[PDB]
Novice: 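My questions all concern the structure below.
For ligands, and for the atoms within them, numbers begin at 1 and follow the listed sequence. Just so we're on the same page: letters track the sequence lines, and every chain starts at 1.
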Amino acid sequence: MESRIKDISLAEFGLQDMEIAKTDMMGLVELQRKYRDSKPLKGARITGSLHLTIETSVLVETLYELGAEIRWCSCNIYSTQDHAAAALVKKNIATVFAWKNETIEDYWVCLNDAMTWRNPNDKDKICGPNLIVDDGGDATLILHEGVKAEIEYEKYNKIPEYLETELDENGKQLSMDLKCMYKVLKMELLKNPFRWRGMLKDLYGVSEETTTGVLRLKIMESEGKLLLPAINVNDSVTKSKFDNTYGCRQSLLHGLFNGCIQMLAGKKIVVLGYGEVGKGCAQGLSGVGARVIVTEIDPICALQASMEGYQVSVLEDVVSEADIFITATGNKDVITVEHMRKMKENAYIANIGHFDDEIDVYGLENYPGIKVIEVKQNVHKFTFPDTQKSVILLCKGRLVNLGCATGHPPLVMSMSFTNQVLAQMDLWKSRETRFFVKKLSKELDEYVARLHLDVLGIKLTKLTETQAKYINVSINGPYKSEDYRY
Amino acid sequence: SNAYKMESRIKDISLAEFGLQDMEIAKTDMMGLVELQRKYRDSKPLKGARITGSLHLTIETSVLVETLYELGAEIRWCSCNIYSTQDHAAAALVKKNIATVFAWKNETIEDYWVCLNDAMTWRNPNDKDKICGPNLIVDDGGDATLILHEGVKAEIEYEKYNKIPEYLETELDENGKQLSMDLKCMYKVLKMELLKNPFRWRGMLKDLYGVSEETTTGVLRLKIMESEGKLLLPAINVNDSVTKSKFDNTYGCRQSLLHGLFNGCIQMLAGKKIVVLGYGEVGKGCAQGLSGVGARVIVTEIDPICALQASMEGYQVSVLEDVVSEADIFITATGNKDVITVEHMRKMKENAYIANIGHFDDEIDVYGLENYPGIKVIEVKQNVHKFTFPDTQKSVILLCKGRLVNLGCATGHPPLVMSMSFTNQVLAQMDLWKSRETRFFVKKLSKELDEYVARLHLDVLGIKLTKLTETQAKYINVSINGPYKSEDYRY
Amino acid sequence: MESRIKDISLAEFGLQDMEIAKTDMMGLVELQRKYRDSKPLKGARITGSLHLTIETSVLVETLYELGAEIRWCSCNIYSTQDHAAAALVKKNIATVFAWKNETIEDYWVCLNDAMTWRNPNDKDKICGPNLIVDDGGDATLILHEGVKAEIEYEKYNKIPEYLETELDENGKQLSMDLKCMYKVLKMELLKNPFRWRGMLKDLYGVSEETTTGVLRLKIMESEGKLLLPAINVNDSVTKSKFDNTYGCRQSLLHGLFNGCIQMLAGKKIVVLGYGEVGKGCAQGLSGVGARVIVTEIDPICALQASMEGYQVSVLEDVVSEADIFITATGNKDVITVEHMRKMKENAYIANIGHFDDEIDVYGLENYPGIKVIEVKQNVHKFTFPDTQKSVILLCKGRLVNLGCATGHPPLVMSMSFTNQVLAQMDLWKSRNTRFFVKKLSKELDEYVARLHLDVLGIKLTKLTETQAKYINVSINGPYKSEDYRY
Amino acid sequence: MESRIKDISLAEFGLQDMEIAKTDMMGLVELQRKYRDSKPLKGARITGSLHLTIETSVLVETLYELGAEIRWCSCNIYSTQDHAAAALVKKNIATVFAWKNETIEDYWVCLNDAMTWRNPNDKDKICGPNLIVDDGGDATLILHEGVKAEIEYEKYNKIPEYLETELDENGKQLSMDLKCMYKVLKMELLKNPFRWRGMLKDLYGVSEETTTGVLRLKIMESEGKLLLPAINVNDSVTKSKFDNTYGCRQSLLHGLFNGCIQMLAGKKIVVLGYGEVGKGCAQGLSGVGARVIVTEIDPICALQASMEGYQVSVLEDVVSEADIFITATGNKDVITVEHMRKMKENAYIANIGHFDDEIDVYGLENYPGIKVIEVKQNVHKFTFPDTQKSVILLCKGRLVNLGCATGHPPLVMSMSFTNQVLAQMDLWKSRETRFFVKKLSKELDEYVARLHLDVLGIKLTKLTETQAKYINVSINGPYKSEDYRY
Ligand SMILES: NC(=O)c1ccc[n+]([C@@H]2O[C@H](COP(=O)([O-])OP(=O)(O)OC[C@H]3O[C@@H](n4cnc5c(N)ncnc54)[C@H](O)[C@@H]3O)[C@@H](O)[C@H]2O)c1
Ligand SMILES: NC(=O)c1ccc[n+]([C@@H]2O[C@H](COP(=O)([O-])OP(=O)(O)OC[C@H]3O[C@@H](n4cnc5c(N)ncnc54)[C@H](O)[C@@H]3O)[C@@H](O)[C@H]2O)c1
């Protein structure tokens, strides 16, 4: 037994949930039906760092049926669905390092173990994955920081001091994620100081699932420091305009209904950030009678919010009157402890963005004399000692739809994961320096949509030759120019 | 040892702190109940009243019980559904000695009727702890009221021939059909009580001052009794208060239907053809919520007025038979029975979801589905079962065994609307108690009190109410303080 | 010959609209088909005071095909559709005294003429109508004030001084409508002081269309001054829950679109009054992106607004911030000159209630130093002298959906007018010092709904005997108890 | 050089609406404030072909205040607002050739005159514009076809026979628009065969307002036949995501309420095309209770429609049951004569796309034995002689919001038109061979949004340095990458 999971006996519930889920994941069902025998990913070692849900287990199953060997971990300490994880282990579909309620330390150990492969020749030698499926950039981060650490290690033939200290370049305390990651890097430098650089040779790419992960990729790219090809799956139209928006419209409500006992109707609920995710959040909240107040830094998004009937305000002007706060920025320090101190009694705070630092959870937990009580497994009420007023935080500020619920439903995830399988296949067939972040073709993007039309009984109109020539498109697409915004 | 802890029958007393914490959080929005406790906890208008409740024991209900308790009443409680009890809510009441409780999540139908009977059984410490009944009843669906009346009928039959009437000892009804399990289990209790004391039910009537009924289905049962001249005690209809029916039934379900569906049905609602059978107060809310998350709602209705209302909101109105093969999810919201038959179920597409939000499980023919020759059943997750027909090999997925899905698969309506319903309940209980000092009929609370309920909740939401000038008040012919609408106003 | 309209040449444009409108007015089509042979209203003299729109023409046609003789006028100086009035006169369906943009003086003269019938036996003598169709209660008001005036006239053998003065009580100037009505009453007393009382024996009742008219009836009943039977048509479920709400949802917008050039999306629109009309107005405004703010006196209605996501405030707390103000209360002095002076530049003010005194128009027009410029017909900008700021009034405060637009569409008016025909037939069929106000039975209310199901392709489900017994109703209905609110 | 409009006495009504409109057009108001002294467009001859509405008059005034000489015409025969055209002529800020209800021949004559300028040196000699503001691409089309005509004329020393023929290649009858354009071009070849080619020299560019015009530009570019620089205004975020969507949401409803007497609630309304325009149309229709059914060729757009709860079907499966049909495709022959013959009695047909050929109006009008009645101004009922069934067409299939109503409101037009002015200034500045189509920068696109925030009381949030660096943007924008879809 190499996998490290919660409980293998939950396998059958997972397997059963996978089959029910699969009814609507027609994109993944079709890729399996079309490629299970030809196996286009045969020989590929794939490491995944992505919320291990039932939907994800179907993604993993799909990659496995296309011939890949798979190792997997979750990209969040609270998102793993333990029955989903056990289904993959029992069936020998993948080697898994993930469980619900991981410590930060265990998060980084699991990611590192998922990145570790034993060479098919001899078990003595370690090697890396050929491909990476990433959500948030953590697997991509540990690889680049691993390489940087090794280069610093050789340069002075000793452990770089930045890995043996609790402080950053400016004397401040390092985040728990960096301390735990640096601890893993130091350990690996002593076991093998060419571990990370040795992987670069066999690494053919990474396919990134989400906006926060993409931003990280784009930053590396513009600095000329990206060390492998990358496909941006987030910005496929069938991902960003469906998963991000429609997926959150349902999964935000599910997370809120599970964690927040109150009625949303008539409540002033602040949605911080009105991008693809924020738009979905507001639509769902209004659907159940909430009066949505939006905050934005972008004047275009602000205007869009206003066109849908929502008030647009700065947090300071509403922090004392609003009832519920939802961060959807992908930024950091959007809700501070100071903001929290001004909120009304039993105001709720939740985050749906990828990382928990949108909310100053650290400042809240380390506030002098603060009291905390567990409302439920993942809901905590914090009471400030000076005012005696309390705020209620959902799942310690981690993405609420996956921390307090089961994330987006199968339909949109099938669309997102169909893009993932296609991105992986593209990277694999192109396998062989300035590396780029590219997106999938519009042809494939439309194809993903075509694969899901029958789920919903959608009947598509077909162009005539005359109409096609008139609007200047092929009868079979693509139907829009590259800059079309949908 | 504590009498409340020992006498109560719940699942786990250790969950009490979670219950108490939830109750405190809920109180932020349950301003109606918070105010009644503040205003009356000293003078205790319900002092000495023995109240028996039969209403889903949720956190919201625990605050209701706490309110009756702070007003001076002794209390015993049970839920009105085998799956709706929230064990932490029940534990909270037992640990604080607020009430003697007989309720847990996932009861059997036998246990359900034994808990109700026990909730109706009191002892008088001033009369050598001898058996008696409650003074007041809080009912949701009319089961407390049913056992009382069937209890009186049973005793009247028993007394004629000095023996147990044979309709209690038989597993079949008047038409030779197999009795529902609820009737069998209720008759079993009635038979046992006739042997303990054949003057038990009629003996309670002396001290019973009324029942206050929470929902549409329980009210229907009351009106049927009243029109037949068989209602044995005064009743207050709480469901038809404006601050109950226009809020709990509609806006409560808008949220709680979705929560139940999200927990039981893993699939995305967006784009699905979802049938909502019944477009009354509950259906209106279900529809609004469903389309709020992208579903395409199709309505079935028997009332041409309601059907037209659905159509005005952009919904297709169809007969079930015309969409039973194409629709993805079916939600019954009628309060009727046999709305979705086994025969309808056999025609549904593969993996169609079926759920009910009405009070009783018989809206969907669950019994006929479970007892269909050769049917195959597997438990997907908690209270979610897939049934497979042997002749077609097609499957349908039933949520909560047909039981009201918002309470059985989720936590029911949220605190805010429940406070509005429960403020009406406390007012009704007080009205019946102060009144203690053809024959019996059903009545509703006055509009003054109905408007009062709403006033108590305006600050929760930062609502600012405009005030009429004398000139305006005289012009529209109302008092500055209300009521602001005539009795027939529909809101 | 005896009709007074603007132009009879428009008739053809009215007759075409009537036929098109009849596609959706199935209730009226059905009553015509079913009762035109037997003619249940045969010999009845019907006077109508109801906005003479295309829809009203179909109502009047239906009363005519059913054997009635008819005289009609509009219940508002701006609501008449000239092509509709022409159609009725051209085909000799009714005698009409109505045109768009009447003066208030002519309004009362037109009404008084509509009430004046000639005795079929001896036409040299006057008589009144047998039945009245009323909207707002003006026909009912002139009858009752006329009777009061005649009685007062006899006690002192002279014109009562209240009819000749023009202040009354507080010394405040009397409304133009009362002065013009009193002028007509004075003129009729001098010609025949038994005119009004002479109509009482043969008057079999009035059927009242709207909330404001019903309110006036209820006041008369509580004081024991109601002089004839009345049917409250507004409170049929198929009128109040459809016309008041869904009719306004479309016609308000249409009225706002013709008079207000500005975009509604993003604007803070205050809807004063959240009753059957207010609910519909809000729904329509939200539908095109406006942020609706509600004002209410009734806490129940205020809570309903909150449950639909609308902020509920008092006018004084938003009068300076809001962009548009829509009164829908059926009350008076809701928007005062003092409120208007605090409004922002080019703020729009409109009314959808029956009467124009919801907004203090008289006070605005007669403000010292006020400047007024007509932007277009029925749209005026008023500029205050001190601040130099302006407000824009639609329709001189008259119901904006009928004054600036064509009112509710055919479908809902058919439901309302099907109730009217049924009411007229009930009062005629039934032909005592005390008279009361009653409503149609729920059987007939449900019948109105049944007649319109085929329009929209609605398929109704039918109860089995065991279900009908279980829910305690008859298979053919009624399906709800009398206190059911729908 | 003397204007041709309907009636100059309407001037004050236009000038009055202009000032009221300016309240929301803060983009154009700002450009006037900032650049009226320096006049960056001084000396520039600007010819515009764009619906001459009140909104357009503020655009022309802005262009004038920036120093340009201006001559203008509408891009549709029914969209001109005569009072708007009058205001421009009265204020003498532009030479105008436009009026409501033009003939097709007049349209091309007006456009050709708008393209004709008297040489800055001589009064006898003719020249062309320096810049073109176009909507639909007709100004751009006449120029390119004018050049082709001249080149073909010199090639064989004769009038090209395609200009004289009434049919074209496939034997089908040429559209009236083509026959009229060709007649104008034929005549210009005789007066001066180097007219069009003479213009290319002084033409610095065209700025195209809409999707259909852009498509035409992209086709010419791909073929390497574009003869001047071009700026695609349609695809600025502040145009396509506001004008096309939220503009139509209000203006479609305005057009339908004016042309269609029926209630939209409950009706099955088919929206053909679910792009930027269709999205808005559907939302506005749903908002008034309609049951929207969508037709699409694009599987992504079709899925999006399904995610909003709309049924997605092919026209043939609903053509007999639907009540109202709205084309929003920018394609042609979307609704054929055969489809119209299958529609139910009194079905309504309207188009909101740029050209009238989305619906086969020509075929309908010229159908053998077709009866047609004018229901009202710009609304016609057509009855087929075989079935005796009727269909009702709004403004002869021309864009319904501008034909049956007053187009989009000022707010969105200011956003669209602020982009036009910015583009014209860009083209004019660059004057100091393959031509391409470019779009404005995201800096300017966001700037357009900023200019309109105060209208709606929008409070923008400002990024901190730490936040700015974390998400890798400047504190002052741009805040999104180029491919961001909003
Ligand atoms: N789950 C909850 O929390 C909750 C909340 C409130 C009420 N309820 C229950 O919900 C049920 C409905 O309550 P309501 O207040 O909406 O009652 P209602 O009378 O307002 O609505 C029921 C509707 O069902 C329609 N109907 C009846 N039989 C039908 C059939 N065979 N097909 C189609 N339509 C049919 C009726 O015309 C009616 O409009 C009741 O059982 C009530 O006790 C449950
Ligand atoms: N324009 C139309 O086509 C049309 C259609 C139907 C009714 N009406 C008219 O519209 C008016 C309202 O009709 P309704 O059916 O909605 O009546 P309603 O009683 O249902 O609604 C009126 C609401 O206004 C509120 N109100 C009263 N005074 C107020 C004040 N000073 N400030 C704030 N709120 C106040 C009341 O609480 C009430 O809820 C009446 O005059 C009626 O005749 C017009």
Novice: How does B:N336 reach ligand 1, by side chain, by backbone, by both or by neither, if only non-hydrogen atoms under 4.0 Å count?
Specialist: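 Near ligand 1, B:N336 shows its side chain, while the N, CA, C and O stay back.
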
Novice: C:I352 to ligand 2: N or O pair under 3.5 Å?
Specialist: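 In this structure, C:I352 places an N or O atom under 3.5 Å from an N or O of ligand 2.
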
Novice: Considering only heavy atoms, does C:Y484 approach ligand 1 within less than 4.0 Å through its side chain, its backbone, both, or neither?
Specialist: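 C:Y484 to ligand 1: side-chain contact only, backbone stays beyond 4.0 Å.
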
Novice: Quick one: which ligand 2 atoms are inside 4.0 Å of a heavy atom on C:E276?
Specialist: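 In order of number, 15 (O), 16 (O), 20 (O).
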
Novice: Output yes when the distance from some N or O of ligand 2 to some N or O of C:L399 is under 3.5 Å, and no in every other case.
Specialist: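 There is no such contact.
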
Novice: Record the part of C:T211 in heavy-atom contact with ligand 2 below 4.0 Å; permitted values are side chain, backbone, both and neither.
Specialist: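 It is both parts that get close, each with some atom under 4.0 Å.
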
Novice: Residue-level breakdown please: for B:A333 versus ligand 1, do any non-hydrogen atoms fall below 4.0 Å on the side chain, on the backbone, on both, or on neither?
Specialist: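 Backbone only.
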
Novice: In terms of residue, atom name and distance, what is the protein heavy atom nearest to atom 40 (C) of ligand 1?
Specialist: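 Here the nearest protein heavy atom works out to B:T217 OG1, 3.3 Å.
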
Novice: Could you identify the single nearest non-hydrogen protein atom to atom 23 (C) of ligand 2 and state the distance to 0.1 Å?
Specialist: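 For this ligand atom, the closest protein heavy atom is C:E296 OE2, 3.6 Å.
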
Novice: Considering only heavy atoms of B:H359, which atoms of ligand 1 have at least one such atom less than 4.0 Å away?
Specialist: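 Every atom of ligand 1 under 4.0 Å from some heavy atom of B:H359: 9 (C), 41 (O), 43 (O).
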
Novice: Between C:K218 and B:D488, is there a side-chain N and carboxylate O pair less than 4.0 Å apart?
Specialist: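 Yes.
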
Novice: Quick one, B:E363 with B:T334, criterion side-chain hydrogen bond (donor to acceptor under 3.5 Å, both in side chains). Give me CA distance, side-chain angles, the key distance, then yes/no.
Specialist: CA-CA 7 Å; B:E363 304 207 12; B:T334 71; 2.9 Å; yes

Novice: By number and element, which atoms of ligand 1 are closer than 4.0 Å to a non-hydrogen atom of B:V282?
Specialist: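 Listed by number with element, the hits are 6 (C), 7 (C), 8 (N), 10 (O), 13 (O), 14 (P), 16 (O).
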
Novice: Return the closest protein heavy atom for atom 10 (O) of ligand 2 as residue, atom name and distance.
Specialist: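 I find the closest protein heavy atom is C:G353 CA, 3.5 Å.
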
Novice: Donor-acceptor check, side chain of B:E213 to backbone of B:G141, threshold 3.5 angstrom: yes or no?
Specialist: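 Yes, B:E213 side chain to B:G141 backbone: donor-acceptor pair under 3.5 Å.
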
Novice: Say whether C:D445 and C:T238, considering side chains only, have a donor N or O and an acceptor N or O under 3.5 Å apart.
Specialist: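 Result is yes, a qualifying pair exists.
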
Novice: Which heavy atom of the protein is the closest neighbour of atom 42 (C) of ligand 1, given with residue, atom name and distance?
Specialist: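 So the nearest neighbour among protein heavy atoms is B:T215 OG1, 3.3 Å.
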
Novice: Could you check which of B:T300, B:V339, B:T334, B:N239 puts a non-hydrogen atom nearest to atom 24 (O) of ligand 1?
Specialist: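 The option holding the nearest heavy atom is B:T334.
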
Novice: Consider every N or O of C:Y274 and every N or O of ligand 2, then say whether any pair is closer than 3.5 Å.
Specialist: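 Among all N and O atoms of C:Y274, none is under 3.5 Å from an N or O of ligand 2.
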
Novice: For ligand 2, which atoms sit closer than 4.0 Å to a heavy atom of C:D298?
Specialist: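 This gives 37 (O) as the contact atoms.
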
Novice: Heavy atoms only: which of B:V417, C:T464, B:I302 lies closest to atom 30 (C) of ligand 1?
Specialist: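 Closest candidate by heavy-atom distance is B:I302.
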
Novice: Does NZ in B:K464 sit with more than 12 non-hydrogen atoms of other residues, nucleotides or ligands closer than 6.0 Å?
Specialist: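 Incorrect, the count does not exceed 12.
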
Novice: For the side chain of C:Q250 and the backbone of D:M263, is there at least one donor-acceptor N/O pair under 3.5 Å apart?
Specialist: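 No, because the side chain of C:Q250 does not come within donor-acceptor range (under 3.5 Å) of the backbone of D:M263.
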
Novice: Should B:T217 and B:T215 be marked as a side-chain hydrogen bond (donor to acceptor under 3.5 Å, both in side chains) after you check the CA-CA gap, both sets of side-chain angles, and the distance that decides it?
Specialist: CA-CA 6 Å; B:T217 294; B:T215 203; 5.5 Å; no

Novice: Nearest protein heavy atom to atom 21 (O) of ligand 2, by residue and atom, and its distance?
Specialist: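 Protein heavy atom at minimum distance: C:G275 CA, 3.3 Å.
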
Novice: Considering the heavy atoms of B:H413, write down every atom of ligand 1 situated less than 4.0 Å from one of them.
Specialist: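 Contacts of ligand 1 toward B:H413, numbered from 1: 3 (O), 5 (C).
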
Novice: What distance do B:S311 atom OG and C:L411 atom CG have between them, rounded to the nearest 0.5 Å?
Specialist: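 B:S311 OG to C:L411 CG: 8.0 Å, rounded to 0.5 Å.
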
Novice: Run the numbers for me: atoms of ligand 1, each under 4.0 Å from some heavy atom of B:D248, listed by number.
Specialist: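 What qualifies from ligand 1 is 5 (C), 6 (C).
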
Novice: May I ask you to check whether B:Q86 and B:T58 show a side-chain donor-acceptor distance below 3.5 Å?
Specialist: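 No, no side-chain donor-acceptor pair sits under 3.5 Å.
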
Novice: Indicate the ring-plane relationship of C:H51 and C:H354, choosing parallel, tilted or perpendicular according to the 30° and 60° boundaries.
Specialist: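 Taking C:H354 first and then C:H51, their aromatic rings stand perpendicular (interplane angle over 60°).
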
Novice: Which atoms of ligand 1 sit under 4.0 Å from any heavy atom of B:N406?
Specialist: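 Going through ligand 1 atom by atom, the ones under 4.0 Å from B:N406 are 1 (N), 2 (C), 3 (O).
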
Novice: Counting N and O atoms only, with roles assigned by atom type, does the side chain of B:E60 sit under 3.5 Å from a partner on the main chain of B:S419, one being a donor and the other an acceptor?
Specialist: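 No, because the side chain of B:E60 does not come within donor-acceptor range (under 3.5 Å) of the backbone of B:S419.
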
Novice: Show the atoms of ligand 2 that are less than 4.0 angstrom away from any heavy atom in B:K485.
Specialist: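 Those of ligand 2 that fall under 4.0 Å from B:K485 are 36 (C), 37 (O), 38 (C), 39 (O).
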
Novice: Purely on distance, is any nitrogen or oxygen of B:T466 under 3.5 Å from one on ligand 2?
Specialist: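 Checking ligand 2 against B:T466, no N or O pair falls under 3.5 Å apart.
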
Novice: Are B:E313 and C:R249 close enough for a salt bridge, meaning some N to O gap below 4.0 Å?
Specialist: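 Yes, this pair counts.
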
Novice: Would you call C:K480-B:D303 a salt bridge at under 4.0 Å N-O?
Specialist: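 Here C:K480 pairs with B:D303 in a salt bridge, since their nearest N and O are under 4.0 Å apart.
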
Novice: Cation over ring, C:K241 on C:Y486, under 6.0 Å and within 45°?
Specialist: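 Checked: cation-pi criterion not met.
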
Novice: Quick check: does any side chain N or O of B:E451 sit under 3.5 Å from a backbone N or O of C:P299, one acting as donor and the other as acceptor?
Specialist: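 Such a contact is absent between B:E451 side chain and C:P299 backbone.
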
Novice: I need the atoms of ligand 1 closer than 4.0 Å to a non-hydrogen atom of B:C306, numbered in the order shown.
Specialist: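 By the 4.0 Å cutoff, the relevant atoms are 39 (O).
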
Novice: Would you mind running through ligand 1 and noting each atom that sits below 4.0 Å from a heavy atom of C:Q467?
Specialist: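 Result: 31 (N).
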
